[PDB]
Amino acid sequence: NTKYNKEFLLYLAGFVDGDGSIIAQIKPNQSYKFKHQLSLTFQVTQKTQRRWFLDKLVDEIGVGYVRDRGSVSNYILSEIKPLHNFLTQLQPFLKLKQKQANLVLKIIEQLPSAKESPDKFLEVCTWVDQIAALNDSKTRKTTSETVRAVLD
């Protein structure tokens, strides 16, 4: 697990607070025991003209990748482990998304545990609800109550 330069974090933090997204989702999927997958994502969105800036992030952070889908590109970090190492370090400097950051850190630690009891799995999903609530959520379909109905 790599240590990041504090000044790089201070900057990246403000910028993430600005163009970034801390996202958790309950993606429906029949190949899982609980018919759902828990998915975490850290992303930074930028017009493709400036994608050189995201490529830089991949180099500075040393993990993740950029993806261009036309007018905009996203930096993407989904690997559970480096994501923990990264948010852990970055979280202290966030001012607008610090709560979502920690909610994710907590969710990640409970992940191995959550895949045992369908109860503890459902509790974690309510943590995801808390993240979606702190975000500017507009197009959310699957929530904890979905998981609850299906678990029966």
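Numbers for residues come from their place in the sequence shown, where the first is 1.
Annotation for 50 to 58 versus 112 to 120: the higher mean temperature factor (C-alpha) is found in 112 to 120. In the deposited entry, the Cα temperature factor of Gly64 sits in the middle third of values across the chain's modelled residues. Ranked against the other modelled residues of its chain, the C-alpha B-factor of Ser137 as given in the entry falls in the middle third. Annotation for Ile80: CA B-factor lies in the highest third of the chain's modelled residues. The PDB entry assigns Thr143 a C-alpha temperature factor belonging to the highest third of its chain's modelled residues. Per the PDB record, residue ranking by Cα B-factor puts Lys33 in the highest third of the chain.
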